[PDB]
Structure formats: C-alpha cells, structure tokens
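Before any comments, here is the structure.
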Number of protein chains: 2
Amino acid sequence: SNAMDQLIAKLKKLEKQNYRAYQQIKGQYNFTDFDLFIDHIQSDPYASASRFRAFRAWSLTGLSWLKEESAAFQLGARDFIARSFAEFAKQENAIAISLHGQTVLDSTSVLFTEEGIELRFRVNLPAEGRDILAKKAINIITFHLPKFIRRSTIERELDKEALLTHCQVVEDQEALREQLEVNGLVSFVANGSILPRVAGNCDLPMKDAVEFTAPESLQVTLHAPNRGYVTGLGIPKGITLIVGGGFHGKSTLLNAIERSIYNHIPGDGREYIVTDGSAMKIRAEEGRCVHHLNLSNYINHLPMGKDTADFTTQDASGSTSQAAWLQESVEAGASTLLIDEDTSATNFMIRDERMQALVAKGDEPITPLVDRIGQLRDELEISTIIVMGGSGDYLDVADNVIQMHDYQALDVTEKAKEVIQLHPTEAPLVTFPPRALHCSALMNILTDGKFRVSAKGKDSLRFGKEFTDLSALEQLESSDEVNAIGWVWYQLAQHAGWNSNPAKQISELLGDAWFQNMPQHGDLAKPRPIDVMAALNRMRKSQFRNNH
Amino acid sequence: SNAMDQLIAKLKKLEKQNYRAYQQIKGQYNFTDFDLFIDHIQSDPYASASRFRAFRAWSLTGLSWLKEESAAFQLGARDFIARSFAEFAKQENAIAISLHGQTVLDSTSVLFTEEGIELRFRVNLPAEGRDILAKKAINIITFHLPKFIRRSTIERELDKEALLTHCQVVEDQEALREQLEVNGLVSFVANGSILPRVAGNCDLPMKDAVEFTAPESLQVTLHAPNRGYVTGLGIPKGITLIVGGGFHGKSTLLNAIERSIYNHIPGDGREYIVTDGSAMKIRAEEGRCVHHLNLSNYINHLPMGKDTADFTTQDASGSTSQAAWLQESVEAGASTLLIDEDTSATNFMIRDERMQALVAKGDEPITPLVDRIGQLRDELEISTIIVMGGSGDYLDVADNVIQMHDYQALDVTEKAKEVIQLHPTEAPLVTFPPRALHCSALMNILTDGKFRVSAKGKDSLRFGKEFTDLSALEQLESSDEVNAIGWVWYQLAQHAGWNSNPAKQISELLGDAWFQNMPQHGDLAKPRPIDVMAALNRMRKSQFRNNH
Ligand SMILES: Nc1ncnc2c1ncn2[C@@H]1O[C@H](COP(=O)(O)OP(=O)(O)NP(=O)(O)O)[C@@H](O)[C@H]1O
Ligand SMILES: Nc1ncnc2c1ncn2[C@@H]1O[C@H](COP(=O)(O)OP(=O)(O)NP(=O)(O)O)[C@@H](O)[C@H]1O
Ligand code: NA
Ligand code: NA
C-alpha cells in the first residue's frame, strides 16, 4: 500500500512522456499482500510485452497444505492457478500468462517454493501511439493486476471442487505412469478414452466419437489414488504392431500414445492415457544435419568412401536420417520407439530381394529395422510400437498385434501367427559409447550471435545467429519448452570443455530445480533431456566427437 | 522536379510531428524522369513498410527493344532489373524490393506494359521513436530513391553483358521447356548440371560436387536459341523409376526435377534443367481436410458406411490423404506426378498378401498405386517419376529405370527386366467430372474476416479468419505466389455462384494480364493454377460439390 502509493505517484509523472520513460518503473515494489517485480520493460508497444513477476507467501494464501501433497498434485495446482489467473484476466487483455492448451506442464508461469507461490506473466504497457498513458497504466498495474494476483492465489477465491479434481487427475496420471514399469507395460489406454481430435489443426477432443475399449485378451487394470481402479488397454513391453485397413484409426491411437508422454487436463479425452516418458517417435527427415554418429548397425556402406562409424553431413537422406534418429534415441536412453509406416522410409523398414538383385555391385545393402528391431528388444530391452497396414514381414518378430476396425481395438496376435506358418519368408547389435559434446563451442555461437536465445513457435529455435529446425519433433507441445531447450544450451555453454555424456549432464541440469539457473521468464516449461539432445543433434554448428 | 520540390517543401512541414502525419504524403508525384506513387502508408515504424510504385516510359530508358523479345526474354529482363535495383539500394536499407532467390518468377516487383516499366517496392519511413524525421525521409525519397529508380532502368547504367546473359538463359529455359512435349519428354537434365544444394536449409548449389552426366542409352540433345545444342538426360513420358542404395543421390535428382518447374538464375546449377510445368509432387499428409472428392479408383471401402465416391473429412489419414492428393492432381490436369517412397504411405504404394490375410472381413483392400499407375499412363497419358529403393513390384510396369551410384545416373532398364523374368509375382480407371466450387461462399469468409488476405511465409495463407496450411506443397518457391493465391481467391469470390470447372476459371484469370485485377502490391508472383487449387483443396471452409 505504501510502496504501491509510491509507485502510483511515481507513475503519474510519466504522463504524456516518451515511451522510453517506462524504464524508470523497473524494479521491485512491496505491496501489501505481495511483492511485485517488473523485470523487462518493452521498448515498443508493438514489441514483446513487458515481463512481470509476483510473489505471495503461503501464510496469506490458505494453500500451505499443497506443500504436503505429491509433486504431481502440486503440478496440477500450479497449472490450475495459471488458468484461473488467465480467466480472471480476460477482461484485461494487456495482461497475459503463458498457458499450455490441453496439457499440464512443469512451467515457470506458476512456481512453488518453500517461501510461497510465484507468478510470472507479461503486461503490455499502453500509450497513445508513443506517449505514455499513465492513468491507463495505473488502472492495469495498481487496480486490476493486484486483484488477479490475489484471487488466483486464495483458496476461497478459487473453485475448490474444480481445483481438487484438477490436481487429482494429474496425480492419477503420474501414479499410473509410475506403475507401467512394474506391470511390464510401456503405455496404457484407459477404457472410455476419446482419442480422435476435432480436426488435424486442433488438439481438442472430437465430440460424439466412438469411445475406446480394450480387448479382454490384452486388458489390464491399474490403480489411481483418487479415481481408484481403472481398466483399459495395456500395451506390454517388446514389439507391438497396430494394423488394419485405411481410415480405421491407427494413427489416432498412436498419436494419443505419443502425446501421452505429457499429462492432459480433465475432459480432454486422454487424461487417463499414460506412456513411457522417454518414448520417441521417429520419422524420415529431409535435409537435416547429423554429427559424427555411428550408424554401423544400420548403414553398412557409403559412397565417397565415408566412414559408417563416424557419419557426418549437412543434408541427410531419408533412410539415413531415420537411421541416425534411431541411433540418437538409443544414445539418449529412450525405452520406447514410435513409428508410423505412413511417415517413414520404406527402404529403412523392409527388406526386398527384388531391389538387391540389380543393386548388388559395390553397394552393400542397408540393414532394415525389421532385422534390428528384434535385437533392440532382446538386447537393449527397448520396446517399439509400429502402425503398419502395408508390409507384413514384421508380423514374425512382433509380440502383440492390434487391429483397428471401425475405431475399436481387436487382439489379432493369434491369427497373426497362423498367417506366418502358412507362408514363411542376424549380425550382432553393437552398443557404442555416447558422443562427447563440445560444451564450450556453444559459447562461441552466443558471442558471435549477441547472446540471442528465443523460439519462433514449436518449429524453430534461435541460438545466436543459428536457427534450428524442430519440425520433425512433432511430440513437442509448447514453444515454452523450446525456449527452455535454448536456455539449457546456454548453461551447457558455461562449462570448461568437452563432456563425455551430454544426456546425463542435461538430465542433472533439469534436476527438479531446473528453473533456478535460467532467466526469470514466465514462458518456460521443463523439456525432456532426450528432446534437448534431439534439438542439439539438429543444430548445424554443434560439435560432437567419438572417443573412439 | 517541380512536383518533387512541391513534395520536399510539403515534407519539411511534417518534421517532429506525430507519425500519423505521413498519411498526408499519400498520392501521386510526377517527377522529371518518372511518376512516383505512394499507395499505402504504414501506421507504425515497426509494422510492414509503406508501399511505393514508380513508372518510367520506354522513351527515357533506352530499353524499348525488349518489347520485341520473347516473353521469356522479357521475364529475365524484369528479374534482372529487380535484382539491379536491390543491389543499388543495399546502402539504403529503408528501401526494399521483393526478390525470389535462385528462381526467376513472373513477379509484380517489376512489370512491363506498352507505356513503360513499372517498379513496385517498399520504403520503411523513419522516425525518432514516433516523431517524424522529415530530413531523413527527404534524403531517402527525394535523393536516394530517385537514383535507384533511374539506374535500374537505364540501358547504360545496367551491366548489359550481364543483362543479355541473364535474359538469354531464361529464354533458353523456356525454349527447352516448350520442346519437351515434341520429343516425348517430361523432364530434361542437361549434362554439367549441379544438382545438390549446399545444405538442406539452403537453395544455393554445392561447390565441388560431382557434375551430372547422362547415360548414352537415355541421352537426348535439345536446342536453345542462345546456347545452341545442349546434351543431357531425357526423361521420356510414362513411368520412370529412380533406384539405388541409400545416400546415392535419388532425392537430389528428384528435387532438381520438382523444382525445375520454375526457371533458375545463371550459375545456380539447375538453369538448364526443365520439367513439365504442371508436375505435382505428392506425399502423405496428416490432418488435412478433403472436400467431396471421389476416391473410388483407389479407396474401395470406408468405415461408418461412408461414400468412397463423395469422400469428405477434416482430419485425413496417410493413404487417404495421398490418394486424395492424387485424384485432385488429375482433376486439375497434371501431366506428371512426382513421388518419393521415403515421404509416402507404404500401404498406398504397394500390395501385400500378408496383411490381406488377417484384415479380410468387411474391409475391402485399398487399391495401391502400382495397380493404377499403369492405367494413368495408358489411359490418361500421365507420366510418373518415382524414387524407390525399397519395393520392387513397380519394376514390372516401369518404362525406364535409372540407378544412382556415387552420384551418377546409370540406365538399368535392361537388367531390371531380367530380374522380373527370373522371379515374377485390373479394374477400369474411371474419369470423373470436376467438382464444382461455390465461388460466392468465399465472399462470406472475407466479410466475416474483414477482407484480410496475407501469407505468413510459404507454409501459411490467411483468407479472412481462416488459415490454410501449405507445408506439404514443398514445390512452392516464394511467399509472393502464396499472396497471389490469396488474391486469386479474392477474385473467385466476386462471381455469382457455383462454377463447374474451377481449374479452367483460375487458368483464365491468370491469363498473362493476371496482375491487373489484383491490388497493386509489389510482393506478388504468378502462381500455377494447380497450386491455387491445391491450396483451395486444403482450405477447411471451401465448398465443393458433385454434379453427380
Ligand atoms: N474412436 C473414434 N471415433 C470416431 N472417429 C475416429 C475414432 N478414431 C479415429 N477417428 C477418426 O477417423 C479418421 C481415421 O484416421 P486415422 O486414425 O489416420 O486412420 P489410419 O488410416 O489408421 N491412419 P495411418 O496410421 O496414417 O494409416 C480420423 O479422421 C479420425 O479423426
Ligand atoms: N552429384 C553430387 N555430387 C556431390 N554430392 C551429391 C551429389 N548428389 C547428391 N549429393 C549429396 O549426397 C547426399 C545424397 O542424399 P540423397 O540425394 O537424399 O540420397 P538418397 O538416399 O537417394 N535420398 P532418398 O530419395 O530419400 O532415398 C546429399 O547430402 C547430397 O547433398
Ligand atoms: Na491410412
Ligand atoms: Na535414402
């Protein structure tokens, strides 16, 4: 109130002055119920909005009990608070907080500590073209803003019946995800789930859709602390095929699985679907770069006498890029691989005697996944789920086979084996040490690039003057995690030299207190270590080597 | 000079006034050597730059002779003039003209008429935050700009030896493209061409690359009016396969062909490669919409008892989207189809007895391209070029087979036939009337969307409140043609009602004087009729019907 009145009076003087004058507002202001922080002042009304932060001690909120709930329960609480703040702030468009659509992410928009709750958001400072409108600014910052900050962080001001439900569904999702390993499962699709979305350009669920039901033969029942027992499709470890004719729901099922690496909000249709957190969907990429990667397990020969054990390029082929992606995922410690025959290189998937008859000179044939996929399971315990409907030689090595028909799952593993007996149709899979990363070389990119670090949506990531294409990483949900990826790189750049295990280093940097070493931005979400590597594997300046 | 002095004096008065004051500059100004047009004044220094236009009669340029050259020769001249103007204007970044990288397009940045040469460009009006800097504005508009407008449109001021060469290569490209049909060819790759680019994110040519050479067995020699006789690879009509092991240059060859639908600048490496102008590369799309399209020739059965002759959706499958794309291309009159096995649905390409054994209930099997591709050639005279390296059942119906090895073409058609004899393995392809378009329904989108028409790069096109995803259309070169696509739609919206042949209508709208009915913008390039349809086929609000 006193510091607030100090700001009010200080803000009145800025009336009709140049927009540059807002720089004087920069600083901390200890209000009555909270501390207000104004970190970055935009230099233009039409530029990115000014960043603000607000802190509230647990004593004044009536939500101290949240500290004694599970980390997942608190994850939802933080998400619910951000959405509540956004809802109360609809009538004031100058205020904006970073939301994550249908998912619940570990975001910086709302953070918990031992001291209290922290809110991070933006405030588009007004003006009459360029001259400052103090009276409007006062109304936003000293009248409206304080109300949204309070209402969003006061037990009674929030809808508790909706809060508990929100936190409970997220807690259940984490609980269900933790017991996948114990039950020898890599994914779980609860009965009653709504898999299809309204359209291809929208992540919301389709209304009036055929609800999912699992075939008893492949049915499992998990237990959530709030909802209790939940029955659904249990996809066991190993190789699992998703077959069926065209337009029957194979991709829709796989899409739900690939996205179940994240938690979803209630009513989304997928909030009771969980999948191995490290599951990586691989597809064919055109034009990507690959750094000193060993592809001996898949590619045997290359033109221009290049080393298959130290493959490097700035314009990768289809089968080459997918093979590289595959190896990169193993390197990063992925337990599950997702593949869709409709978005992959046929050459890389299957073998063919036809082609090998006329291309049998000095070009040794590539080793297709079908020959290695079995070894990935038996040797590395890596599961794989594949949408097919085209080839059939995979049916032999598959553990389970699911058929989609009129948008319902059917267990056809038994009949699948019968087809092989009626009509029937090798080298050791080598594990390699991870490539070392030149952590200090990243600093050079920042210096030459003015320490620029930002994301343009989900597809691109700018690190200095370098732009990284992340289009292929379709599992990514928000640009917030892309920004976070860039700020992880920024931290890697602070280290002395080379690191012989980057994935491990990245994992340790994001060790629960992942946000403390990043700038205090409100548009950041914890990214997966495997995704940081994936993005880094596609950065054209990245320096990797082989301690071999 | 008099009208210029009028502007100068009129511009001085605007010193230190609000940026809004620039609106008074709007209008025409008859300078000494040209007429200056200031069409749209930006409302913010940080918003899209103000649009300008300049006109110069042929008498004052010394380039009247260009009017007696071929349309293609003039196409290059217009391109060369735009690049010259950009070069002279490097020291003045406030000025900008729309260039098209490595291609030569029919653009609005530089237009010819019977009266004279017209230049269209932007001018970022300066200010000290918001207050107008007249002195700077004067320097840009009355001192620098007039010099670039003159120098770029005066025979002696330009580099003639470079001008002629530029216009000659383009003229040769058109000449070579026109004699493809006569020699029963769909594409021509001249010997000495450089196909690979520096990288996947750059369209410039790779230096120190293995130059292309055609195998005599499949060699042809065309004739250009300037360069004379040129020998290279002649890809005849019908089905042509591009095989070989991984990382040998199959996509690079196909990529050069798909992009040869446009003319390229000298030294680009592809300026002597031509391909059927209507060639459409089809691939698998996820989530696209499809409007009342007949897929009877490919899809036989669908769930939920849907009509295969009137297929409609807002979230299309892989094989479904590719099949739809295929049919849509035939509808639009495409003579050549480009396919890459690494970016396509395997299910859609090949047949398989394996899968049909366990998915043989009420789901009739989809008819794969391999069964129809032959009919497309024999019945519709539609050629197809396919990069394979995976499947081998296509070798049977193929006319010619090219093998890439160490980045050189080899004719393996003879050996390809031998492989089939040693190991060997139907319904009529129906032609349909084109879908009618509800031209007037487009007007409704404009009214509800504030007549908004713009493109965000090459990937997106905004028409009112509707956003169209054009990512799959990888053949597109510039956002200028995407803008042009939107302005064609704008014209379709002016018509009374339904049109039973939209492709024909679009073709007639772009009849050489394509730019006269579009706003006088400088960032527009003539798009292909097939591309306008392609974009329109993916607009979720488009209304198509079947007069059947
Ligand atoms: N349970 C369901 N209820 C209603 N509609 C559904 C359901 N599942 C899928 N759909 C819709 O039906 C269509 C099926 O498409 P998709 O799931 O891509 O089939 P698909 O041919 O198996 N894909 P692919 O993996 O590329 O072969 C989509 O438009 C979905 O939105
Ligand atoms: N003539 C050439 N000289 C030098 N380098 C080349 C040449 N042609 C291609 N390359 C390069 O070699 C690599 C070959 O990649 P690509 O052309 O995709 O092979 P591919 O495996 O046939 N592609 P796909 O069609 O997906 O199977 C690319 O990085 C090219 O840049
Ligand atoms: Na499909
Ligand atoms: Na390849």
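Labeling convention for the structure tokens: chains A, B, ... as they appear, residues from 1 per chain, ligands from 1 in order of appearance.
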**OP:** Compute the chain B side of the contact with chain A at 7 Å, counting only C-alpha atoms, and hand it back as a PyMOL selection string.
**Re:** chain B and resi 130+199-201+244-248+284+286-288+302-304+314-315+317-320+341-347+352+354-355+357-359+363+365+389-392+406+415-416+419
Close residues, range 461-463 of chain A itself excluded, 8 Å, only C-alpha atoms, min 5 positions apart in chain, as a short mmCIF file (atom, residue, chain, number, x, y, z; two decimals) with C-alpha atoms, in the first residue's frame:
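Contents of around_8.cif, freshly written:
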data_model
loop_
_atom_site.label_atom_id
_atom_site.label_comp_id
_atom_site.auth_asym_id
_atom_site.auth_seq_id
_atom_site.Cartn_x
_atom_site.Cartn_y
_atom_site.Cartn_z
CA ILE A 445 27.85 -19.15 -31.05
CA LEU A 446 26.38 -16.91 -28.32
CA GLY A 449 25.23 -14.05 -32.02
CA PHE A 451 23.64 -13.99 -26.71
CA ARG A 452 20.33 -14.20 -28.58
CA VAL A 453 18.09 -17.04 -27.29
CA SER A 454 14.47 -17.44 -28.44
CA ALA A 455 11.97 -19.72 -30.12
CA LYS A 456 9.66 -18.97 -33.05
CA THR A 468 17.44 -25.00 -35.60
CA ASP A 469 14.55 -26.68 -37.39
CA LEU A 470 12.45 -28.72 -34.93
CA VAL A 482 11.61 -24.86 -26.96
CA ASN A 483 12.71 -21.72 -25.10
CA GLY A 486 17.65 -22.91 -25.64
#
DSSP helix (DSSP H, G or I) residues within range 371-424 of chain A, listed as a short mmCIF file (atom, residue, chain, number, x, y, z; two decimals) with N, CA, C and O atoms, in the first residue's frame:
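Once written, selection-v2.cif looks like this:
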data_model
loop_
_atom_site.label_atom_id
_atom_site.label_comp_id
_atom_site.auth_asym_id
_atom_site.auth_seq_id
_atom_site.Cartn_x
_atom_site.Cartn_y
_atom_site.Cartn_z
N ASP A 371 15.24 -56.35 -39.15
CA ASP A 371 16.32 -57.24 -38.71
C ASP A 371 16.92 -56.81 -37.36
O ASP A 371 17.44 -57.64 -36.61
N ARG A 372 16.86 -55.51 -37.06
CA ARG A 372 17.42 -54.99 -35.81
C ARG A 372 16.40 -54.80 -34.70
O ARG A 372 16.72 -54.95 -33.52
N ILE A 373 15.16 -54.48 -35.07
CA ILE A 373 14.11 -54.24 -34.09
C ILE A 373 14.00 -55.36 -33.05
O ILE A 373 13.75 -55.09 -31.87
N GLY A 374 14.18 -56.60 -33.48
CA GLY A 374 14.12 -57.74 -32.57
C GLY A 374 15.25 -57.70 -31.57
O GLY A 374 15.07 -58.00 -30.39
N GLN A 375 16.43 -57.31 -32.05
CA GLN A 375 17.62 -57.21 -31.21
C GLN A 375 17.50 -56.06 -30.21
O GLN A 375 17.97 -56.17 -29.08
N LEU A 376 16.86 -54.96 -30.61
CA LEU A 376 16.66 -53.82 -29.72
C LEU A 376 15.89 -54.23 -28.48
O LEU A 376 16.12 -53.73 -27.38
N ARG A 377 14.95 -55.16 -28.66
CA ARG A 377 14.13 -55.67 -27.58
C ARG A 377 14.87 -56.65 -26.69
O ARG A 377 14.91 -56.50 -25.48
N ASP A 378 15.45 -57.67 -27.32
CA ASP A 378 16.15 -58.73 -26.60
C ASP A 378 17.46 -58.32 -25.94
O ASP A 378 17.81 -58.85 -24.89
N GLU A 379 18.16 -57.37 -26.54
CA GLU A 379 19.47 -56.94 -26.03
C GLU A 379 19.42 -55.65 -25.21
O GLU A 379 20.05 -55.56 -24.16
N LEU A 380 18.68 -54.66 -25.70
CA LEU A 380 18.60 -53.36 -25.02
C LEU A 380 17.29 -53.15 -24.27
O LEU A 380 17.12 -52.12 -23.62
N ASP A 393 6.25 -58.59 -43.09
CA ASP A 393 7.36 -59.38 -42.56
C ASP A 393 7.65 -59.08 -41.08
O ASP A 393 8.39 -59.82 -40.42
N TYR A 394 7.07 -57.99 -40.56
CA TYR A 394 7.22 -57.64 -39.15
C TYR A 394 6.38 -58.54 -38.24
O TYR A 394 6.69 -58.71 -37.07
N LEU A 395 5.30 -59.09 -38.80
CA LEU A 395 4.40 -59.97 -38.04
C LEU A 395 5.12 -61.13 -37.37
O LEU A 395 4.65 -61.66 -36.35
N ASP A 396 6.24 -61.53 -37.95
CA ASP A 396 7.02 -62.65 -37.44
C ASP A 396 7.67 -62.35 -36.09
O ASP A 396 7.56 -63.14 -35.15
N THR A 413 -3.25 -61.23 -32.39
CA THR A 413 -1.93 -61.85 -32.28
C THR A 413 -1.99 -63.33 -32.67
O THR A 413 -1.10 -63.83 -33.36
N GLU A 414 -3.04 -64.03 -32.22
CA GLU A 414 -3.21 -65.46 -32.54
C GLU A 414 -3.33 -65.71 -34.04
O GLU A 414 -2.59 -66.53 -34.59
N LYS A 415 -4.25 -65.01 -34.70
CA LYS A 415 -4.45 -65.17 -36.14
C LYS A 415 -3.23 -64.69 -36.91
O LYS A 415 -2.94 -65.19 -37.99
N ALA A 416 -2.52 -63.71 -36.34
CA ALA A 416 -1.32 -63.17 -36.98
C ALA A 416 -0.23 -64.23 -37.10
O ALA A 416 0.47 -64.29 -38.11
N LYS A 417 -0.09 -65.07 -36.08
CA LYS A 417 0.90 -66.14 -36.08
C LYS A 417 0.52 -67.23 -37.09
O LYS A 417 1.39 -67.82 -37.72
N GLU A 418 -0.78 -67.49 -37.22
CA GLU A 418 -1.28 -68.50 -38.15
C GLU A 418 -0.93 -68.17 -39.60
O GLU A 418 -0.59 -69.06 -40.39
N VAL A 419 -1.00 -66.88 -39.95
CA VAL A 419 -0.69 -66.42 -41.31
C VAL A 419 0.77 -66.66 -41.69
O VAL A 419 1.08 -66.91 -42.86
N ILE A 420 1.66 -66.61 -40.70
CA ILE A 420 3.09 -66.80 -40.92
C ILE A 420 3.44 -68.27 -41.18
O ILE A 420 4.28 -68.57 -42.04
N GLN A 421 2.82 -69.17 -40.43
CA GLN A 421 3.07 -70.60 -40.59
C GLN A 421 2.69 -71.08 -41.98
O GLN A 421 3.37 -71.93 -42.56
N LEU A 422 1.60 -70.53 -42.52
CA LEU A 422 1.12 -70.89 -43.85
C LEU A 422 2.05 -70.39 -44.96
O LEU A 422 2.21 -71.06 -45.98
#
**OP:** Could you check how far CA of residue 256 in chain B sits from CA of residue 195 in chain B, in Å to one decimal?
**Re:** 6.0 Å
Subject >> Contacts of range 4-15 of chain A at 6 Å (only C-alpha atoms; same-chain gap of 2+ positions) as a ChimeraX atom specification >> reply: /A:1-2,17,31,132-134
Original post:
CA of residue 221 in chain A and CA of residue 474 in chain A are how many Å apart?
Top reply: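 Value for the CA of residue 221 in chain A-CA of residue 474 in chain A distance: 29.7 Å.
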Original post:
If you run DSSP on this backbone, which residues of range 256-407 of chain B come out as strand (DSSP E), and could you give them as an MDAnalysis selection string?
Top reply: chainID B and resid 263:264 273:275 280:281 290:293 311:313 336:340 383:387 400:405
**OP:** Could you please determine the separation between CA of residue 194 in chain A and CA of residue 272 in chain A in Å, to one decimal place?
**Re:**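 Going from CA of residue 194 in chain A over to CA of residue 272 in chain A, I get 9.9 Å.
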Subject >> Exercise: residue 153 in chain B partners within 9 Å, only C-alpha atoms, chain neighbours under 3 positions left out, as a ChimeraX atom specification >> reply: /B:56,60-63,81,84-85,117,148-150,157-158
For N, CA, C and O atoms, I'd like the residues from the last selection saved as a PDB file, in the first residue's frame.
ATOM      1  N   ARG B  56       8.170   4.406 -65.458  1.00  0.00           N
ATOM      2  CA  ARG B  56       9.076   5.017 -66.425  1.00  0.00           C
ATOM      3  C   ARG B  56       8.740   4.616 -67.851  1.00  0.00           C
ATOM      4  O   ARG B  56       8.786   3.435 -68.186  1.00  0.00           O
ATOM      5  N   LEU B  60      12.521   7.079 -72.155  1.00  0.00           N
ATOM      6  CA  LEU B  60      13.576   7.568 -71.272  1.00  0.00           C
ATOM      7  C   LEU B  60      14.512   6.481 -70.733  1.00  0.00           C
ATOM      8  O   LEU B  60      15.454   6.791 -70.001  1.00  0.00           O
ATOM      9  N   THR B  61      14.269   5.225 -71.106  1.00  0.00           N
ATOM     10  CA  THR B  61      15.053   4.096 -70.590  1.00  0.00           C
ATOM     11  C   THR B  61      16.110   3.523 -71.533  1.00  0.00           C
ATOM     12  O   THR B  61      17.140   3.028 -71.079  1.00  0.00           O
ATOM     13  N   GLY B  62      15.851   3.574 -72.837  1.00  0.00           N
ATOM     14  CA  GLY B  62      16.773   3.001 -73.818  1.00  0.00           C
ATOM     15  C   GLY B  62      16.672   1.479 -73.832  1.00  0.00           C
ATOM     16  O   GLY B  62      17.632   0.787 -74.171  1.00  0.00           O
ATOM     17  N   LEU B  63      15.499   0.966 -73.457  1.00  0.00           N
ATOM     18  CA  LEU B  63      15.246  -0.475 -73.405  1.00  0.00           C
ATOM     19  C   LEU B  63      13.965  -0.858 -74.155  1.00  0.00           C
ATOM     20  O   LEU B  63      13.380  -1.911 -73.895  1.00  0.00           O
ATOM     21  N   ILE B  81      16.283  -6.494 -63.637  1.00  0.00           N
ATOM     22  CA  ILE B  81      16.045  -5.111 -63.206  1.00  0.00           C
ATOM     23  C   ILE B  81      15.739  -5.035 -61.704  1.00  0.00           C
ATOM     24  O   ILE B  81      16.189  -4.116 -61.021  1.00  0.00           O
ATOM     25  N   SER B  84      18.994  -5.643 -59.881  1.00  0.00           N
ATOM     26  CA  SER B  84      19.867  -4.483 -60.038  1.00  0.00           C
ATOM     27  C   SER B  84      19.424  -3.382 -59.085  1.00  0.00           C
ATOM     28  O   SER B  84      20.248  -2.729 -58.453  1.00  0.00           O
ATOM     29  N   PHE B  85      18.111  -3.190 -58.990  1.00  0.00           N
ATOM     30  CA  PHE B  85      17.535  -2.187 -58.104  1.00  0.00           C
ATOM     31  C   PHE B  85      17.855  -2.518 -56.647  1.00  0.00           C
ATOM     32  O   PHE B  85      18.119  -1.622 -55.845  1.00  0.00           O
ATOM     33  N   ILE B 117       8.038   0.780 -68.041  1.00  0.00           N
ATOM     34  CA  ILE B 117       8.448  -0.125 -66.979  1.00  0.00           C
ATOM     35  C   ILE B 117       7.890   0.353 -65.642  1.00  0.00           C
ATOM     36  O   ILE B 117       7.947   1.546 -65.330  1.00  0.00           O
ATOM     37  N   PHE B 148      18.090   5.142 -57.608  1.00  0.00           N
ATOM     38  CA  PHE B 148      17.967   3.696 -57.811  1.00  0.00           C
ATOM     39  C   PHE B 148      16.934   3.397 -58.894  1.00  0.00           C
ATOM     40  O   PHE B 148      17.116   2.479 -59.689  1.00  0.00           O
ATOM     41  N   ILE B 149      15.854   4.179 -58.915  1.00  0.00           N
ATOM     42  CA  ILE B 149      14.794   4.026 -59.911  1.00  0.00           C
ATOM     43  C   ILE B 149      15.335   4.304 -61.312  1.00  0.00           C
ATOM     44  O   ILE B 149      14.939   3.647 -62.276  1.00  0.00           O
ATOM     45  N   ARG B 150      16.237   5.278 -61.419  1.00  0.00           N
ATOM     46  CA  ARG B 150      16.832   5.625 -62.709  1.00  0.00           C
ATOM     47  C   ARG B 150      17.880   4.605 -63.137  1.00  0.00           C
ATOM     48  O   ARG B 150      17.750   3.981 -64.187  1.00  0.00           O
ATOM     49  N   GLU B 157      23.329   2.302 -67.559  1.00  0.00           N
ATOM     50  CA  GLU B 157      23.511   2.207 -66.102  1.00  0.00           C
ATOM     51  C   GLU B 157      23.557   0.762 -65.612  1.00  0.00           C
ATOM     52  O   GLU B 157      24.093   0.486 -64.542  1.00  0.00           O
ATOM     53  N   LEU B 158      22.977  -0.147 -66.389  1.00  0.00           N
ATOM     54  CA  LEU B 158      22.988  -1.567 -66.053  1.00  0.00           C
ATOM     55  C   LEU B 158      24.180  -2.236 -66.723  1.00  0.00           C
ATOM     56  O   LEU B 158      24.804  -1.661 -67.616  1.00  0.00           O
TER      57      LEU B 158
END
Original post:
With distances taken over only C-alpha atoms, which of A:172, A:106, A:402, A:387 is nearest to residue 484 in chain A?
Top reply: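 The closest residue to residue 484 in chain A is A:106.
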Original post:
Restricting the calculation to only C-alpha atoms, which member of B:170, B:140, B:94, B:409 is positioned closest to residue 48 in chain B?
Top reply: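 Counting only C-alpha atoms, the residue closest to residue 48 in chain B is B:94.
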Original post:
So which residues touch residue 51 in chain A within 8 Å, counting only C-alpha atoms, skipping near sequence neighbours fewer than 6 positions away, as JSON, numbers by chain?
Top reply: {"A": [38, 39, 40, 41, 120, 121, 122, 123, 521, 522]}
